[PDB]
Structures are given as structure tokens and as C-alpha cells.
Amino acid sequence: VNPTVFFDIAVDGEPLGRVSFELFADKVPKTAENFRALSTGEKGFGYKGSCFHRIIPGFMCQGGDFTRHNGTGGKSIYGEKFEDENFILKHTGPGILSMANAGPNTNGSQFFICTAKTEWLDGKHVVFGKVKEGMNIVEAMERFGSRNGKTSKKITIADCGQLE
């Protein structure tokens with residue numbers, strides 16, 4: 001009903017495991033369809049083969065920049081940027097999937113998965129999904145980041161698509 005998409009994670013080419021996400025298209029339809037379409041790659045571009053560029057242990061894992069691979073690019077299926085759709089949902093705990101941005105109404109393709117309750121981001125970042133299976137794989141990824149976010153290993157989305 002709400003779609004499910006998966007990411008298969010690899011650490012330096014080696015398989016790590018699969019993370020599945022429920023996307024709240026019932027509450028944030030425009031933001032969720034952008035993530036759904038970038039996971040299937042159906043508009044011609046998307047997340048497959050991209051990497052997690054910033055992982056801060058105890059806080060979140062961030063990725064989605066498939067053009068510069070470092071936090072400075074990415075694009076949405078609606079254009080360079082699109083607006084903050086709403087702020088109904090909050091950052092209630094580990095597993096929350098939320099949009100990274102550069103200020104009001106600058107959403108592109110970058111996202112982050114929280115591994116803690118990060119209530120100070122409420123109302124600044126749009127929440128649109130949550131980890132359904134594989135939270136333990138997110139915890140395992142978390143172990144390759146650091147306080148400044150830089151990763152000790154290359155974490156990539158080796159494959160991705162829609163399950164439901």
C-alpha cells in the first residue's frame with residue numbers, strides 16, 4: 001500500500017546486507033515518490049552504484065549524492081531542488097528516513113537514516129519513511145564512519161529497487 005524499496009549495501013565491494021524502507025506516500029506523497037523513483041532508477045538516473053558519503057556514529061548515515069559523491073550534488077526527479085512538502089512527521093528514533101538539505105526548500109536527492117532520536121531536526125528536515133527490515137545492517141554501516149562524518153571504507157548501494 002505504502003511502497004517498500006530496498007538497498008543492498010556493499011562495503012569496499014564486499015556484500016554487507018539488505019535494508020528495506022517503508023515510504024510514507026500517504027503522508028508525504030511528493031517526497032516519497034522522488035525517493036521511490038530514484039531507487040528504481042526509472043527516470044534514467046538514481047541511487048544504484050552511489051555511496052554513503054557521511055556517517056556519524058550515534059547520529060545518522062547520509063547518502064544520495066549520485067553526481068559528485070561527496071555531499072555537493074544530487075538532483076530530484078522534479079529538478080535541482082523542490083520545496084519542503086510538510087513537517088507532519090518527526091524524528092522519533094532510530095530507523096527514520098529524512099531528507100538532507102541546504103536550507104529551506106532545497107530538497108534534492110540526499111537523505112539520511114537516523115540511528116538515534118534526533119528531535120532537534122524536527123521542522124528543518126522532511127521525514128518520509130522508515131527502515132522496515134535490516135536496521136542491523138544500518139548499525140553495521142554506522143561502524144565505518146567517524147565524528148567528522150568521513151568513512152573508513154567505501155559504503156555503496158550495490159543494488160536497489162522496489163519490493164512493494
# chains A, B, ... in the order shown; residues from 1 in each chain; ligands from 1
>>> residues_around(residues="residue A:70", least_positions_apart="2", cutoff="12 Å", atoms="only C-alpha atoms", output="ChimeraX atom specification")
/A:50-55,62-68,72-74,110,149-151,154
>>> residues_around(residues="stretch 19-36 of chain A", least_positions_apart="2", cutoff="6 Å", atoms="only C-alpha atoms", output="list in words")
residues 2, 3, 4, 5, 6, 7, 38, 39, 77, 128, 129, 130, 131, 132, 133 and 134 of chain A
>>> write_last_selection(atoms="N, CA, C and O atoms", output="mmCIF file, in the first residue's frame")
data_model
loop_
_atom_site.group_PDB
_atom_site.id
_atom_site.type_symbol
_atom_site.label_atom_id
_atom_site.label_comp_id
_atom_site.auth_asym_id
_atom_site.auth_seq_id
_atom_site.Cartn_x
_atom_site.Cartn_y
_atom_site.Cartn_z
ATOM 1 N N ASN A 2 1.625 1.523 1.127
ATOM 2 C CA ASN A 2 2.780 2.421 1.057
ATOM 3 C C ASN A 2 3.889 1.573 0.450
ATOM 4 O O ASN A 2 4.000 0.393 0.812
ATOM 5 N N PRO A 3 4.659 2.062 -0.504
ATOM 6 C CA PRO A 3 5.660 1.274 -1.191
ATOM 7 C C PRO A 3 6.797 0.847 -0.312
ATOM 8 O O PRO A 3 7.064 1.502 0.706
ATOM 9 N N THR A 4 7.492 -0.226 -0.633
ATOM 10 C CA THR A 4 8.678 -0.607 0.093
ATOM 11 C C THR A 4 9.836 -0.595 -0.871
ATOM 12 O O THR A 4 9.640 -1.151 -1.945
ATOM 13 N N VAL A 5 11.013 -0.023 -0.621
ATOM 14 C CA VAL A 5 12.117 -0.140 -1.534
ATOM 15 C C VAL A 5 13.277 -0.762 -0.762
ATOM 16 O O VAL A 5 13.250 -0.809 0.478
ATOM 17 N N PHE A 6 14.282 -1.348 -1.405
ATOM 18 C CA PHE A 6 15.392 -1.949 -0.683
ATOM 19 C C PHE A 6 16.673 -1.371 -1.189
ATOM 20 O O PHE A 6 16.736 -0.913 -2.336
ATOM 21 N N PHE A 7 17.724 -1.489 -0.402
ATOM 22 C CA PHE A 7 19.042 -1.143 -0.836
ATOM 23 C C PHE A 7 19.895 -2.362 -0.478
ATOM 24 O O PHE A 7 19.784 -2.879 0.646
ATOM 25 N N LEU A 38 13.971 7.285 -7.621
ATOM 26 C CA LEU A 38 15.406 7.250 -7.650
ATOM 27 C C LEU A 38 15.903 5.887 -7.234
ATOM 28 O O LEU A 38 16.984 5.513 -7.697
ATOM 29 N N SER A 39 15.200 5.126 -6.390
ATOM 30 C CA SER A 39 15.544 3.744 -6.093
ATOM 31 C C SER A 39 15.246 2.821 -7.277
ATOM 32 O O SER A 39 15.986 1.873 -7.486
ATOM 33 N N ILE A 77 13.785 14.099 -9.060
ATOM 34 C CA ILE A 77 13.085 13.818 -10.294
ATOM 35 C C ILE A 77 12.263 15.042 -10.674
ATOM 36 O O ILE A 77 11.636 15.021 -11.727
ATOM 37 N N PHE A 128 10.046 11.116 5.740
ATOM 38 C CA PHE A 128 9.200 10.498 4.733
ATOM 39 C C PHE A 128 9.226 8.979 4.720
ATOM 40 O O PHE A 128 8.549 8.401 3.878
ATOM 41 N N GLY A 129 9.959 8.298 5.580
ATOM 42 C CA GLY A 129 9.961 6.869 5.573
ATOM 43 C C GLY A 129 10.610 6.337 6.812
ATOM 44 O O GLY A 129 10.971 7.119 7.708
ATOM 45 N N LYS A 130 10.768 5.014 6.870
ATOM 46 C CA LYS A 130 11.449 4.345 7.968
ATOM 47 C C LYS A 130 11.971 2.975 7.557
ATOM 48 O O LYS A 130 11.387 2.342 6.695
ATOM 49 N N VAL A 131 13.027 2.495 8.175
ATOM 50 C CA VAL A 131 13.544 1.163 7.998
ATOM 51 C C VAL A 131 12.495 0.144 8.482
ATOM 52 O O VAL A 131 11.970 0.203 9.601
ATOM 53 N N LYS A 132 12.222 -0.795 7.567
ATOM 54 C CA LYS A 132 11.257 -1.857 7.741
ATOM 55 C C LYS A 132 12.123 -3.065 8.075
ATOM 56 O O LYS A 132 11.995 -3.608 9.161
ATOM 57 N N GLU A 133 13.063 -3.545 7.264
ATOM 58 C CA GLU A 133 13.933 -4.657 7.655
ATOM 59 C C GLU A 133 15.379 -4.231 7.575
ATOM 60 O O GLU A 133 15.713 -3.344 6.796
ATOM 61 N N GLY A 134 16.280 -4.844 8.314
ATOM 62 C CA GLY A 134 17.685 -4.555 8.141
ATOM 63 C C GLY A 134 18.227 -3.396 8.944
ATOM 64 O O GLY A 134 19.258 -2.841 8.591
#
>>> select_by_dssp(residues="stretch 6-134 of chain A", states="helix (DSSP H, G or I)", output="PyMOL selection string")
chain A and resi 29-40+119-121
>>> residues_around(residues="stretch 10-12 of chain A", least_positions_apart="3", cutoff="7 Å", atoms="only C-alpha atoms", output="ChimeraX atom specification")
/A:15-16,153-158
>>> write_last_selection(atoms="C-alpha atoms", output="mmCIF file, in the first residue's frame")
data_model
loop_
_atom_site.group_PDB
_atom_site.id
_atom_site.type_symbol
_atom_site.label_atom_id
_atom_site.label_comp_id
_atom_site.auth_asym_id
_atom_site.auth_seq_id
_atom_site.Cartn_x
_atom_site.Cartn_y
_atom_site.Cartn_z
ATOM 1 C CA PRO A 15 28.304 -7.650 0.406
ATOM 2 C CA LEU A 16 27.009 -6.411 3.687
ATOM 3 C CA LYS A 153 35.610 2.144 3.880
ATOM 4 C CA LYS A 154 33.577 2.905 0.742
ATOM 5 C CA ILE A 155 29.910 2.133 1.508
ATOM 6 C CA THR A 156 27.869 1.787 -1.720
ATOM 7 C CA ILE A 157 24.366 0.974 -2.740
ATOM 8 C CA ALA A 158 25.235 -2.014 -4.953
#
>>> atom_distance(atom1="atom CA of residue A:125", atom2="atom CA of residue A:148")
20.1 Å
>>> closest_residue(among="A:164, A:105, A:58, A:114", to="residue A:135", atoms="only C-alpha atoms")
A:114
>>> atom_distance(atom1="atom CA of residue A:86", atom2="atom CA of residue A:98")
11.9 Å
